[PDB]
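Engineer: The structure under discussion is supplied below as structure tokens; questions concerning it will follow.
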Amino acid sequence: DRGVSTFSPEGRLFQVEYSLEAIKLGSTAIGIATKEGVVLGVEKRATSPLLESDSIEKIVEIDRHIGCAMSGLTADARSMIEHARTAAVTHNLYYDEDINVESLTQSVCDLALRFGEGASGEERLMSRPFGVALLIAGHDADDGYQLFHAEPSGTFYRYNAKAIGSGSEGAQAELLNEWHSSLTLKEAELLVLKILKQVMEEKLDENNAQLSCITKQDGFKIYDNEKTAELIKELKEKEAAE
Amino acid sequence: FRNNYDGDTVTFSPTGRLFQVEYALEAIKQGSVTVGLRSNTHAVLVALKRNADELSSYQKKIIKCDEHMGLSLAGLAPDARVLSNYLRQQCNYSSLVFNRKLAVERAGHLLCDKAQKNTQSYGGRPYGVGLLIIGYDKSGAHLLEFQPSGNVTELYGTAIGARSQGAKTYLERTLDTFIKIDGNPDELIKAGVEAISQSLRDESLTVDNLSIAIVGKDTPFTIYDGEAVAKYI
Amino acid sequence: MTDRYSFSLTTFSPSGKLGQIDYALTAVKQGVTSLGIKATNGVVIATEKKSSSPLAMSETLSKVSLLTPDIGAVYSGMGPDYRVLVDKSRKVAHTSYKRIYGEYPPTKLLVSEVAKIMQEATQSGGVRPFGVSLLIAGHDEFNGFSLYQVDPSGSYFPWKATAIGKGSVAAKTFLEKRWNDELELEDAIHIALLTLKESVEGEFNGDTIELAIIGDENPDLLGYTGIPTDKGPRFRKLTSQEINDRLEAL
Amino acid sequence: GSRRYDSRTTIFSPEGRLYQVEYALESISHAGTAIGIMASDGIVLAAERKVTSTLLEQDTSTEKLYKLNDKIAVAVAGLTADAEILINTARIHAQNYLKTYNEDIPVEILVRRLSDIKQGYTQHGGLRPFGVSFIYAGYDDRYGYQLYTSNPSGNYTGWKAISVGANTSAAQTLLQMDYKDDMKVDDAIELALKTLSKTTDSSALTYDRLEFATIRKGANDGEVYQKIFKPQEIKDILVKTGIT
Amino acid sequence: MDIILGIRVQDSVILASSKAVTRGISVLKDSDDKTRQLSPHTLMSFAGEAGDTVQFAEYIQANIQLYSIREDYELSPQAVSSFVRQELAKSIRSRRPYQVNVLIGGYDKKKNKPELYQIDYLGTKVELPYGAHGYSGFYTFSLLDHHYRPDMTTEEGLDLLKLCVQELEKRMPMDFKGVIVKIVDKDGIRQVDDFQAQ
Amino acid sequence: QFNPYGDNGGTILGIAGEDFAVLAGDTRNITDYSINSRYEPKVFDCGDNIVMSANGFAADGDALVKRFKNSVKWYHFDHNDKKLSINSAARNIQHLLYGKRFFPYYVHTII
Amino acid sequence: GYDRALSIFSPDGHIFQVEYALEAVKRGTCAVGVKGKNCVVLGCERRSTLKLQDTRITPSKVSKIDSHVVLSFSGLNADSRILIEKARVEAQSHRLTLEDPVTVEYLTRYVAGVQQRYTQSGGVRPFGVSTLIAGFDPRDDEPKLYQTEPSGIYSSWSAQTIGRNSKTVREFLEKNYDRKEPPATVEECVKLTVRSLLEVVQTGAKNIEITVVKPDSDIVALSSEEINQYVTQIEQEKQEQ
Amino acid sequence: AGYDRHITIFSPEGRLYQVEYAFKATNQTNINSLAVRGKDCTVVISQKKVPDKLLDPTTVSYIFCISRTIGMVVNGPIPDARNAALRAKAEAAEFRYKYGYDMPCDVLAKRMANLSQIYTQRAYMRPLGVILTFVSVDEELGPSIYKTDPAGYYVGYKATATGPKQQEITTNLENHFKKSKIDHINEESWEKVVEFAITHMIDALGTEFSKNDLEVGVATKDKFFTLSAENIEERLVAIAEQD
Amino acid sequence: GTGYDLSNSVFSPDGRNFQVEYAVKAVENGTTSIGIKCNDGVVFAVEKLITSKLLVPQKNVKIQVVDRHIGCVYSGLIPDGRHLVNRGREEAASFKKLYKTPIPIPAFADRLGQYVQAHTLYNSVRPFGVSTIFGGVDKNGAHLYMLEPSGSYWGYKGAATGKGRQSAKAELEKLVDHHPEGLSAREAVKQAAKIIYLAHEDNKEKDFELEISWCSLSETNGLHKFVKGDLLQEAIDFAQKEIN
């Protein structure tokens, strides 16, 4: 056949490029970083009405100051979150402090290219790359509120606002116009809901959509269905005005 | 022809070429441009950072290895992280065991041997990044060009990445000028900024776009970003 | 370096056939004819010494080999594959039995051990099956005289009389007509020389035919006297002169 | 490297089937027919020998019916050499249980363990599966007389009457036709021989082509006894049933 | 060492275990239950090394419960005791052995008979009508050799253990803070909460 | 039998002020009753405004200071040139010391 | 030794080995699970290709992981035993260290975690098994029902079916199960389980098995007569109209 | 299916093509070699071809000194030849250390043939494309010739031949032993046995030799040695004074 | 059929290893390098293609030293040559550790020979893309060797490999014929410069740098040293005089 870590004539890794196609099939995940906090939102996408939407866990806590959102093969993210939770706690044990968001993202991204049938370098025991993209968001005293996009390629970019999933290309173009450096936390909350509504196949409500924020004061908190429903109602009224 | 011998790095072609190595070299040409140049006192790295979106940050291109050594990347960033981390360890081993600052030439030999082992065994892939190593040791200023093939070459000036031929043609023509810039760091930076601008096509170099690093006689390896490179724009 | 052949080289085909076993059996068919006959007071195994060159010494190449003082073996197919199996069969007789029970293994269990090695060569990674069928003749106290056939698949069958190789089909038919459950050892050797004559094309003498017997104990071949229970090996390879004397009464 | 020569034994088909397992079952369908029948007072094992000769020593021959324990025995269909590998491991497992608990191993536990080893070669290792189908006949103080079967996939099921090997479809129809819940061993012996004689690919069912075993609890003993039939004992019982 | 007593009567097995945990100079606990339920009809008491005593007991408990789920069946007291013996036999020749002495008190549902097993840290199993570990037997055995009958009721067995404890509370220098008494029969395992002044 | 430990003597002193901190130590290195050196540095500047001295067995002292200075160096590489705080340094040294719990550094270290 | 990458990405972005593992589940016998107000009921169908089995000793489709958690499956029977064994060990290991029996969510997370591990490890293939995990959390009376699949994705369901003709029975449950009013009684919860299977099984008194899990480790399997009483009652509902 | 000719697995005909192609690799060097037994000696003759003038003639050799007693001549590429040479030397030293006596010629052959059988059966180790002829004067068997091939086959020889024109040398030796009726060369001195071996090399090939065209290895009691160019020259003068 | 050239250790129907012959093509594409054996030592010389004026002269050293007396030069894939020298240095250190005396040249030749030959025995390793010319002075005289990708090596009076190996071998053959008594160390260095300048005619599109090294008993005390300064310029002037 062909090696898993094989380069294409163009200069790209086959398996990594094919992994990005799997993320395109995944549910939409949007993050917006402001000076008041970083807001993360995902699409639940229930395959059946009998499926309990609250069990869908696409927003996870890494540490009190770091949150995460996933898109694509969500099962592949579980060991990545496990490593992230370990790296955050292990740093706290070694240095009696909080891990930097950039340092935490770097630790997760080091696992990405560790795949092959026996690549000469270390002991990279994995048959294939991760089929999931992560939106790592948090806060530290050094660089403040941050939003990162962790790729299966091992590369990570710091975004002011990033959208990943099925409607990622349409969402990113919308985030390009809407984002400004003076956005408030509440303005970012209605914005995540606005763009999600535009890219979701189903009508947006408190069941098929979930919000989360990370602040310096309260830390990472997942929005309950009662709190989110009021924000959907507020977003519906403001769009009805003009 | 090409389809049968490019399956893995272990396979030779009838002409004697290694296509997997050649495809890894192609990843550099797709990567962003970076320029390296030196004189007798200082060595300078000038790099053009690339962003995905206008909402994204510009990905760093220059990595510090030691107080006297550093390098700029072109291609896959994680592969540059692995090779720089190894070079950090080799510089560290020399300082701890021998109380000796590692020679830039010997550092090039170490990167050569590590890249070679990835090209002779099954299952492995070549590194998808080109590196420009600068350093000041007991023999003066140095500049070395690392290639995934293993080939490392000591140069006065060089450039790798997209449209890098324009910068390389400039440095070849300006060869006699920037070599004599001794005891003046700022003028050597300006020679590198003018070199990297010869490769520009899409946009002009801006504040959060340009990345410059320098190491010299009485100057430790320091990276300048953002406001620190505004005077060279 | 490092064996990357960790997968099976023998696999099931759509028809259910195990290709590499079938092809190994085909290699046995190309091999020189070897036979075995079990009598009431002994077992006889015989084969043709197919010399590649008249310059080569046929005495140095032994197609019939001693496994234990009571057990012998002969083959058909690939020579090199047989020789290594004999080395393994001799070692497994000690390591798995004699160093445990203080005595030599019975024929049926030694055959079982050889069959295990040949089975593993069908399932293990990075190996091909042995291109040989073995005829193992032996004696033990509780089972008496026995003859076994071991195939490349690892399957083994007890035989009264059988043949394997080039003219096995023609030899088995000849053995069925001449065999009876009242045959003496000397009679069994007489049929052995008659059955092998139909397979050999060129010269038929003691220098071109290799023959050994499993019969009575040989105190002269023991090498020492003293212990009453030790009465000597039952395996005896017949010399060139001993074969020629029986060929005159053919 | 070696990737070129890898047959990939442990992969799914587009349909969701396991190639090597399905092809192994095809190999079994050519091997000699083995039938097991469970009665109220014992179990009957009957097997048809594949490829026989006049000069084949039947008295010392064992290819289909093997003894695992004093209470558990097996009927083999497929590769004999592959079976002996599994038979040996089952013998060690039975003795491991007896050493640990000071009690004889319940039939199902021995069956599950062998089936788990078969499953191992199906999921990982890159090696070919065992081309063997077992019929387990055993007794324990929990369920009493038990009859199981296992195939190359590692799947096992409990039965009242089952056939493995060649002509199973025809053999299972005949067993389902004559079997009742209140059967006696003597009746089960007859059914097993009658089913084989009708599904035989050869001219006539004779003693030199058969292996027979019965597992019965002796009324004048109170303990379960295994009886692997001798060539003469198979010859006698073949005449009594009406086959001669 | 701690007090670990066992007696097998007509229809049940009675285990008496001391409540004291002594570490160096102080009695840290006077209500410690030195027993674990392995299965609904099998109970094991234990004494020995400070850390090994509970670690081994819970290890066996986990294994028996793993078997009970897998087979949907309860192992006989004999089968359990043989498993415990082998684990202690493997331990005795390891890097650091389990220094734990155990008493298996179980009721066989198939046999309808109570059974008591005694295994020490070495792995010495013995089926006994009555058993004790350490110095416990030195004071008790003569009373047990005298009064014990196979046809004794549960009430009679409790009276004999009371006499055994009274001898221990008189002649033995260590204060073991009384005993917890448990009954193992056909209905399962129950604890006698009124042994302090029975 | 070979004894892996030794006593190089010396004494170190660390006093924390309101907005300052001092770490003193004598420059005398000894073995039994002989003076090895009259001037042998014992208090070292490790970077990030942190000073360190590990007094006792000098070979263990030099190894610990050398390994901590290297830990500061790697803290800059891994965490984007972040300054190592005094509490973070203290916790880091604990793991450096407890890593050799069953074959300890025979030193009394103060930062 | 063997570490060949079997589960890999394709040009379109699918893992074919995981994709074909779902096809093995589609071949396996139908398994359904419904949760009421105070109970969860698991129902599985039996094959009718060969009919001469001993129902006493034949491994049942519903397996107990612990005294409070049960597991049913659809797909390869041999692969399921591996997942069942590992779940049973983890259940005992959790009781040993945490001193409290597993929650249904945790046991599901473990089983799905094992399945996911086999989708990106060299030399192994994914399990051709989807599982339905049902039960009650320790000291809790709230019904729990979960589903896993070869990929490693798990989620909780009010009602779910897996296996052959699972598309038909899912459409039945979507128009019959009410979230506003779940089956309040155990009897009506079992009734809905049989009703959903009768759409697929096509008249099978011996072909349907029912297992009911109640709070505080109360699991009981219904006999052939008990299930047949429901079948007789349901068939009367159709005939009276 | 078509990879049966790429690795050491059986073809439908029951053949091993990789082994068969390894036999074809033995004739790549285009060198003929023969071995003959004397009364108390063993002589190997091998063709010496130096095509390039830049080559050092003293290094161009296909005869190896394995032990004090055993010598080996190889037919096939020199990288595989020296691979088999180093292994044979290692086995000879180990045998003496473990068993207290010098390894016999036939035992070394059997050992090297067993190793070649492993490459015939196991997939990852390729067969060496060389034929090894071992020669010595054994303390029990006397003059000994034992030859191994890529198949793992080995047998004793009264006399042997190996190379592209092997058949011509074999039949030429065959016709002499039919005439003499004895298995060895009836001569006291080894010098005349070398002379015999050279003469029959000429008669079979139909080519005259110089001192630099041949390579001679002589095995005597407790010693094996290779002849120099001047030693062969002395031997060529003696046969020239006969014809 | 076809496909014998795709894997390494696979024999083609003609008994050839194509992957090794494909590695020879990489050597033939590479830079020309030479070796001359004189009366008491050896002289090594290599061409250094100047790709750009940006390359720092006298810095990118191609000739490598093993131990203190052996010099190595190679043609083809430069990193592959370094890997072989790294092994050679480990093998030389292993010899000196056990046997005290520095490794003899025939001894060192076999050590590299076996290592390169080992890379032709497996399908998991790639053959070396270099032909290495090496040698020095030991216990008895000087030695010169050339090692091929197959592992094949011989002793040489003069060695040549690379782009212009034909022109180099022809010029070396003239030296062997005209000097039967033996060339001197001084003359060999001057001649080594002349050989490359004439061999550069096959790659005369690009500028080149000269690099000579030598190991002589009387001139360098049997140690490997690089030709530097006045002696290097004297060689260049000798070559530039006879090029016209």
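Residue numbers (the deposited numbering), protein chains in the order written: chain R, 1 to 242; chain S, 1 to 233; chain O, 1 to 250; chain P, 1 to 244; chain X, 1 to 198; chain Z, 1 to 111; chain Q, 1 to 241; chain U, 1 to 243; chain T, 1 to 244. Here a beta-carbon is modelled for each residue, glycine too, at the ideal position from N, C-alpha and C.
Comparing the C-beta of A78/Q with each C-beta of chain P, is any distance below 8 angstroms?
Structural biologist: Yes, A78/Q lies at the interface with chain P (some Cβ there is under 8 angstroms from its Cβ).
Engineer: Determine the chain S residues that contact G1/P at a beta-carbon separation under 9 angstroms, and present them in chain order.
Structural biologist: Ordered by position in chain S, the residues that pass the 9 angstroms Cβ test against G1/P are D8, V10, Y122, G123.
Engineer: Give the residues from the stretch 65-79 of chain X that approach chain Q closer than 8 angstroms (Cβ to any Cβ), ordered along the chain.
Structural biologist: Flagged, chain order: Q65, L66, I69, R70, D72.
Engineer: With 8 angstroms as the threshold, decide whether the Cβ of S76/O is near any Cβ in chain P.
Structural biologist: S76/O does not count as touching chain P.
Engineer: For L6/Q and chain R, any beta-carbon pair shorter than 8 angstroms?
Structural biologist: Judged by the 8 angstroms Cβ criterion, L6/Q is in contact with chain R.
Engineer: Considering only C-alpha positions, which residue in the set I134/S, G124/S, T174/S is nearest to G7/S?
Structural biologist: Among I134/S, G124/S, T174/S, the Cα nearest to that of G7/S belongs to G124/S.
Engineer: Would you mind reading off the limits of the alpha helix (DSSP H) that contains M70/R?
Structural biologist: Looking at the DSSP string, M70/R is not in any alpha helix (DSSP H); the run it does join, the beta strand (DSSP E), is 66-72.
Engineer: How would you label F134/T, buried or exposed, when you count the other beta carbons within 10 angstroms and need 16 or more for buried?
Structural biologist: Buried, since its Cβ has 16 or more Cβ neighbours within 10 Å.
Engineer: Hey, could you find the ends of the alpha helix (DSSP H) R179/Q is sitting in?
Structural biologist: Note, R179/Q: premise wrong, no alpha helix (DSSP H); not H, not E.
Engineer: Please compile the residues from chain O whose C-beta is within a distance smaller than 8 angstroms of the C-beta of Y146/Q.
Structural biologist: Near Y146/Q there are no residues of chain O at all, since even the closest Cβ is about 36 angstroms away, more than 8 angstroms.
Engineer: Run through the DSSP bridge pairs and tell me what residue 248/T is partnered with.
Structural biologist: Residue 248/T lies beyond the range of chain T shown here (1 to 244); nothing can be said about it.
Engineer: Against chain B, with Cβ distances strictly below 8 angstroms, would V20/T count as a contact?
Structural biologist: Note that chain B does not occur in the displayed structure, where the protein chains are R, S, O, P, X, Z, Q, U and T.
Engineer: For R128/O, decide whether its Cβ has a neighbour in chain T, counting only Cβ atoms nearer than 8 angstroms.
Structural biologist: With 8 angstroms as the cut-off, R128/O does not count as an interface residue toward chain T.
Engineer: Counting only beta-carbon atoms, is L86/U nearer than 8 angstroms to chain T?
Structural biologist: Yes, its Cβ sits closer than 8 angstroms to a Cβ of chain T.
Engineer: In this structure, how does DSSP classify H42/S when only helix, strand and coil are distinguished?
Structural biologist: Note: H42/S maps to strand in three-state DSSP.
Engineer: Within its chain, find whatever has a CB closer than 7 angstroms to the CB of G81/T; leave out the 5 residues flanking it on each side and keep chain order.
Structural biologist: Cβ within range, chain order: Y74, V130, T132.
Engineer: Any contact between the stretch 198-209 of chain R and the stretch 225-235 of chain R? By contact I mean 3 or more CB pairs, one from each, below 8 angstroms.
Structural biologist: Contact between the stretch 198-209 of chain R and the stretch 225-235 of chain R is present, because at least three Cβ pairs lie under 8 angstroms.
Engineer: Helix, strand or coil for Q90/S? Go by DSSP, reduced to three states.
Structural biologist: Residue state, collapsed to three classes: helix.
Engineer: Is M69/S buried or exposed, if buried means 16 or more other CB atoms sit within 10 Å of its CB?
Structural biologist: Burial call: buried.
Engineer: Unbroken alpha helix (DSSP H) runs of length 4 or more, entirely within the stretch 21-82 of chain X: which are they?
Structural biologist: Counting only runs of 4 or more, we get 52-70.
Engineer: Less than 8 angstroms between the CB atoms is what I'm expecting for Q191/X and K177/X, so what's the real figure, rounded?
Structural biologist: The pair is not a contact, with the Cβ atoms about 16 angstroms apart (cut-off 8 angstroms).
Engineer: Just the Cα atoms here: how many angstroms apart are residue 253/P and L211/O?
Structural biologist: Any answer about residue 253/P is impossible in this case: the structure gives chain P only from 1 up to 244.
Engineer: Pairing CB atoms from the stretch 176-192 of chain U with CB atoms from the stretch 9-17 of chain U, are three or more of them under 8 angstroms?
Structural biologist: Taking 8 angstroms as the limit for Cβ pairs, the verdict is that the stretch 9-17 of chain U does not touch the stretch 176-192 of chain U.
Engineer: For the 8 angstroms Cβ check, are there 3 or more pairs between the stretch 8-19 of chain O and the stretch 106-114 of chain O?
Structural biologist: Because the criterion of three Cβ pairs below 8 angstroms is not met, the stretch 8-19 of chain O and the stretch 106-114 of chain O do not touch.
Engineer: Pull out every residue of the stretch 43-58 of chain Q whose Cβ sits closer than 8 angstroms to any Cβ of chain P, in chain order.
Structural biologist: Cβ contacts with chain P: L50, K51, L52, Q53, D54, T55, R56, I57, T58.
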